[PDB]
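Only one chain is included here, represented as structure tokens and corresponding to the form deposited in one PDB entry.
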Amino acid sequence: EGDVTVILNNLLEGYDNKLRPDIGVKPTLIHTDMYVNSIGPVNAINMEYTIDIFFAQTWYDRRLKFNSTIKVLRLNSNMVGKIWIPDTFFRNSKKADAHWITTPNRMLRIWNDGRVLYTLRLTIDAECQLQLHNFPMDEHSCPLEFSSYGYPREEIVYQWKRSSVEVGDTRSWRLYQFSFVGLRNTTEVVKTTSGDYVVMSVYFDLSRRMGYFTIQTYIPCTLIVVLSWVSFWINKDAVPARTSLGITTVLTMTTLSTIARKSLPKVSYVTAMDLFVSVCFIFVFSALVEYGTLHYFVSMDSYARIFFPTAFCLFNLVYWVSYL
């Protein structure tokens, strides 16, 4: 190990890590690469998603050049803090952290030419603006934007590789109600108050499965409003019987409206799930006043016995076709 030691002591003498390579010559071209381990749960009430990546970046530094028989110096995370590292930050991340067990999860490999590969493991809660029109049949393009912080376009130029973004299992991901559709990588120049910066974006396309919602919201509320229509088969002289059936349906449909609202966040616009709840609420409310109007005409019911299912049967053809 006496040969590698005198190489590393010669590289780090006269080295200033405050200065990027070619500070007054040309911008540093840093070819980024990303390996997605698992995309975590997509939170809708707080509007972010969790992602676990192996973020890798590769730049050229002429000061880290050595002439010896050793080709690659595969080092540990100790040598990270002694050399120059680009200040890549994720501009749509609410909070993020690297992993530090049992050692800082960082890799540093330096080639004789001067190429420097730097790979670290990150867990990022990235801001995704989930539009909740057409809930629960949503479809989003969740982005992940990262750029340099201090170095403008004239100093650091970021770039994507051809074999860059790499999804792995895509099977054991913690997307429960979603499904990974596809990915696309873009690059752009944003203009802020301190200069122009190079922003790289990874767009993850996610579509929602109806899944738990259909079995907990749709089928339970429809079986409530099917149960609203068996009042017509009860005879009209059983006045406390039918009005006890009437009150219990509308209170639980009010309850199931509040229960299904707990999954949704505090948004202002109406959703397709809320539209289905409100249309189901006005059929049962019309069923109570149907029965009511019958009660004072005797102080026609079969027309209603079929009308309500029929009117709901045609609505389900309207609702599901238009939203799918």
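By rigid core we mean the largest C-alpha set that fits within 1.5 Å across both forms. A residue's number is simply how far along the shown sequence it sits, counting from 1.
Omitted from view is the form deposited in another entry, to which the following refers.
Colleague: Give the option from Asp205, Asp237, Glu166, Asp113 whose C-alpha shifts by 2 Å or more between the shown form and the other one; the alignment is on the rigid core.
Modeller: With the rigid core fitted, the residue that moves is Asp237.
Colleague: When you overlay the rigid core, is the Cα of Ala311 off by 2 Å or more between the shown form and the other one?
Modeller: Shift at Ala311: 2 Å or more after core fit.
Colleague: Is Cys142 one of the residues whose C-alpha moves 2 Å or more between the shown form and the other one after the core fit?
Modeller: No; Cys142 is a residue whose C-alpha shifts by less than 2 Å between the shown form and the other one when the cores are overlaid.
Colleague: Rigid core superposed, CA of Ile259 - does it shift 2 Å or more between the shown form and the other one?
Modeller: True for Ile259: a C-alpha shift of 2 Å or more.
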